[PDB]
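Here's the structure, in structure tokens; my notes come after.
All heavy atoms count here, side chains included; hydrogens, waters and symmetry mates do not. A, B, ... follow the sequence lines: proteins, then strands. Residue 1 opens every chain.
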Amino acid sequence: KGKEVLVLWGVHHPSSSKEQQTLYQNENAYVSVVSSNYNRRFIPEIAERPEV
Amino acid sequence: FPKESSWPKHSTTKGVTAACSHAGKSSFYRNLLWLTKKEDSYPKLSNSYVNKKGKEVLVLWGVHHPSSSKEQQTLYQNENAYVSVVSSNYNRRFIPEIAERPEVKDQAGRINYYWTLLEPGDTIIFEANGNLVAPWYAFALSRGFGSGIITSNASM
Amino acid sequence: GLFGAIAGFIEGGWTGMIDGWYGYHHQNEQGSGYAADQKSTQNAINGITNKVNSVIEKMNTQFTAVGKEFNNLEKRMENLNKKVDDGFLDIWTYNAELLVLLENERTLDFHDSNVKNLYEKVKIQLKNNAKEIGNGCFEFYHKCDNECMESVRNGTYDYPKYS
Amino acid sequence: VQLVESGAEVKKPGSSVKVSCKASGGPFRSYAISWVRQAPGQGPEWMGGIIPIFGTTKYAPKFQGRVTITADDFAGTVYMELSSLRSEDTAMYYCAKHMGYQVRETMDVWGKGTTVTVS
Ligand SMILES: *[C@@H]1O[C@H](CO)[C@@H](O[C@@H]2O[C@H](CO)[C@@H](O[C@@H]3O[C@H](CO)[C@@H](O)[C@H](O)[C@@H]3O)[C@H](O)[C@H]2NC(C)=O)[C@H](O)[C@H]1NC(C)=O
Ligand SMILES: *[C@@H]1O[C@H](CO)[C@@H](O[C@@H]2O[C@H](CO)[C@@H](O)[C@H](O)[C@H]2NC(C)=O)[C@H](O)[C@H]1NC(C)=O
């Protein structure tokens with residue numbers, strides 16, 4: 001586009017292993033977001049938090 | 001968390017060290033509690049607290065990183081352990097790092113200290129498979145402007 | 001001074017005049033004596049207290065201000081904090097010193113102006129029935145008793161009666 | 001302006017007392033300040049006064065060796081100290097403005113009063 005581009009995304013942390021199975025079918029999952037000056041790997045944290 | 005009724009399945013008085021010496025024998029902090037396995041068993045931990053005091057509450061805890069896998073085995077009986085501390089605006093998972101470090105005060109392991117603030121009506125939850133130093137006393141705070149912290153050698 | 005009266009053509013002060021800043025000294029057959037001028041002293045006191053009160057009012061009270069703490073990986077913010085503190089201290093020190101230095105000179109010129117005005121007020125009254133001697137002093141041609149003196153020190157000296 | 005004295009005091013003979021007076025407005029004033037005494041059932045009595053800038057103080061010949069009047073300037077307060085209290089220093093004490101910078105006979109603003117009892 002010849003200009004600066006703003007991009008946004010999100011990562012979901014479920015509450016149990018059953019929820020993870022019914023949502024994504026994989027137990028050990030990861031996300032990799034890679035740019036020319038950005039780099040990160042994300043791994044879910046599966047725990048139970050107070051409800052909001 | 002009362003000491004006499006909150007931890008029936010763990011050892012509440014064996015958590016003393018020689019890096020914290022009082023009157024010549026091994027000791028430990030007073031507002032915290034270093035839990036330890038009881039007869040080769042460290043069952044999963046789950047505790048919660050709701051703020052009903054009507055004020056802000058300051059909570060503090062710690063996480064222990066031993067020096068070897070033998071130390072971890074004799075302390076917590078589990079090799080792969082984790083801690084989860086979960087609030088309504090706080091969230092973190094901790095995993096121990098088992099490595100050997102230059103000795104400071106006779107210790108090759110480490111302990112990391114964390115704190116958080118709870119709002120009125122809010123809940124906080126602790127869960128652990130090991131390596132957790134649980135809180136014992138908490139503080140309900142009252143704010144006010146016109147105070148400070150000064151460093152001074154003058155007499156009182 | 002800018003007006004040439006104090007340490008000028010009147011070269012010294014009076015330690016015998018205790019109740020005012022400016023005044024008269026008279027001499028006739030009854031006797032001698034000093035006497036302060038109340039209107040000039042009152043106006044000067046009003047002005048001086050106004051100036052002091054304004055100087056006090058333009059500076060406000062300072063409330064609680066204590067320092068902060070940083071670790072070994074926060075040197076830039078610590079340096080910025082030091083910069084801000086030092087800059088504000090320097091600015092306020094400069095302001096205070098300059099204000100005092102500049103107000104003192106105006107205060108010293110005020111009294112010189114007041115003395116000169118009093119001298120001119122008396123001189124225009126006497127005009128012709130008195131000789132100017134030079135040291136802020138007037139010598140009468142006729143006989144001036146206590147009523148004459150008290151009328152001179154009031155502004156109601158009657159020129160035609162004494163020719 | 002408004003003149004406000006301190007509270008009421010009760011003492012026993014042989015001691016001293018210190019009363020105060022606070023005026024509204026700027027800390028520095030261009031008028032003299034006097035202290036007046038009035039026993040129950042008699043007319044007032046002038047005790048002494050103080051001058052704004054020259055700092056001179058004047059006292060009545062009766063109250064010569066006992067009274068001491070001082071000022072603070074930056075606070076706006078005037079203090080009067082009376083020593084060797086008898087059983088006759090039991091009256092009402094007033095703080096009085098003067099108009100000009102000299103202690104003349106014309107006091108145009110008075111305070112409210114303060115009772116000092118001796119027993
Ligand atoms: C509370 O503060 C005191 C005072 O700082 C601590 O006591 C001091 O701790 C240091 C660190 O271990 C001691 O230094 C070491 O002493 C040994 C014994 O002689 C020596 O061999 C080492 O080379 C090193 O110098 C120090 O002696 C000790 N006492 C004093 C008076 O400084 C104390 O540990 C702190 N904590 C508690 C829980 O008391
Ligand atoms: C001193 O000067 C004042 C100012 O003029 C004189 O005041 C006048 O006094 C007469 C009575 O003597 C009154 O009728 C006038 O109304 C006053 N004038 C003002 C402006 O108030 C005063 O009399 C003079 N003193 C003497 C002794 O002559």
Side-chain angles (χ1 to χ4, degrees), chain C residues 6 12-25 33-63 92 96 99-100 102-115 117-118 150 153-155, chain D residues 1-4 20-36 46-61 63-64 67-80 95-111:
Chain C
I6 294 194
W14 290 338
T15 62
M17 204 190 64
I18 49 137
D19 42 341
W21 270 334
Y22 333 110
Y24 314 89
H25 172 58
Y34 302 87
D37 190 63
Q38 255 92 45
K39 295 188 65 263
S40 305
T41 321
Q42 187 71 67
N43 297 345
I45 288 191
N46 302 6
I48 293 290
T49 67
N50 243 282
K51 176 189 280 218
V52 180
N53 285 342
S54 316
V55 163
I56 280 167
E57 182 208 356
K58 293 257 155 293
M59 312 290 200
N60 60 65
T61 243
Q62 167 182 103
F63 288 105
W92 282 112
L99 185 62
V100 180
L102 294 180
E103 284 318 294
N104 278 349
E105 200 145 51
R106 305 217 92 211
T107 296
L108 290 187
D109 289 330
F110 193 55
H111 295 290
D112 211 343
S113 185
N114 297 341
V115 174
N117 297 353
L118 193 61
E150 256 304 328
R153 319 201 290 271
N154 191 20
Chain D
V1 322
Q2 270 111 42
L3 305 163
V4 179
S20 99
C21 180
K22 174 98 171 49
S24 66
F28 284 78
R29 60 194 167 71
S30 32
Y31 45 87
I33 285 209
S34 262
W35 282 93
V36 179
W46 184 74
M47 306 196 63
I50 194 172
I51 276 171
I53 271 184
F54 293 76
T56 321
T57 57
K58 300 180 173 38
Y59 312 112
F63 316 95
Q64 263 285 355
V67 189
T68 286
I69 313 211
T70 52
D72 214 325
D73 316 291
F74 272 98
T77 317
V78 183
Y79 298 93
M80 174 214 180
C95 193
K97 256 198 42 150
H98 256 288
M99 233 180 240
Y101 78 99
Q102 268 176 334
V103 179
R104 286 299 115 172
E105 78 277 304
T106 306
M107 290 150 261
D108 62 349
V109 165
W110 298 65

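Only the side chain of D/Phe54 comes within contact range of chain C, with at least one heavy atom under 4.5 Å from a heavy atom of that chain. For C/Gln38, the parts lying under 4.5 angstrom from a heavy atom of chain D are both the backbone and the side chain. Neither the backbone nor the side chain of D/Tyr31 comes within contact range of chain C; no heavy atom of the residue lies under 4.5 Å from a heavy atom of that chain.
With a 6.0 Å radius and a threshold of 12 heavy atoms from other residues, nucleotides or ligands, D/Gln64 has its CD atom above the threshold. The local environment of CD in C/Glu105 is sparse, with at most 12 non-hydrogen atoms from other residues, nucleotides or ligands closer than 6.0 Å.
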Checking D/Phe74 against C/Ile56 for the side chain to side chain contact (heavy atoms under 4.5 Å, CB included) test, could you report, in this order, the C-alpha distance in whole Å, the side-chain angles of both residues, the deciding distance, and whether it holds?
CA-CA 9 Å; D/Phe74 272 98; C/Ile56 280 167; 3.6 Å; yes
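Shown here for C/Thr49 and D/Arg29, the closest heavy-atom pair between the two residues is CG2-O, 3.7 Å. Shortest non-hydrogen contact noted between C/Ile45 and D/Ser30 is CG2-CB, 3.8 Å.
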